[PDB]
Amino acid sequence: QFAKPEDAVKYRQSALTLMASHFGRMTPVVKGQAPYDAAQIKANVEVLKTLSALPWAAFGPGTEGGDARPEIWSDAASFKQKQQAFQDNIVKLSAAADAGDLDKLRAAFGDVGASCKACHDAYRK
């Protein structure tokens, strides 16, 4: 699916846009601004779970481009910990949503958001 590096960039940017839309739309619920519908949030977090695993395979060898910093590949072990932190946080978010626990969902959501920002600050231009 990624014949040229531009194809990997296009795919990962699309995946990250979708992941961001499914994460960000839950902000009002975790802030108490909109009612918590546990079944709807559980379904949305399943979509996010699915999406959250997709970008990383499109940052393979020779896929420099987009707004991705070169240190993703020169500091691969460190990038892998930023990715793992995020994926571990998605597991926590799923656990909270599957249990229908709003207080745990809020904590997990803030952990996910902090991991998005940590990777942005180190590896996104």
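Counting begins at 1, following the sequence as shown.
84-92 and 70-78 differ in mean CA B-factor, and the higher of the two is recorded for 70-78.
Residue-level temperature factors show residue 46 in the lowest third of its chain, judged at the C-alpha atom. Among all modelled residues in its chain, residue 108 ranks in the middle third by Cα B-factor. Ranked against the other modelled residues of its chain, the C-alpha B-factor of residue 119 as given in the entry falls in the middle third. In this PDB entry, residue 55 carries a Cα temperature factor that places it within the lowest third of its chain's modelled residues. Ranked against the other modelled residues of its chain, the C-alpha B-factor of residue 26 as given in the entry falls in the lowest third.
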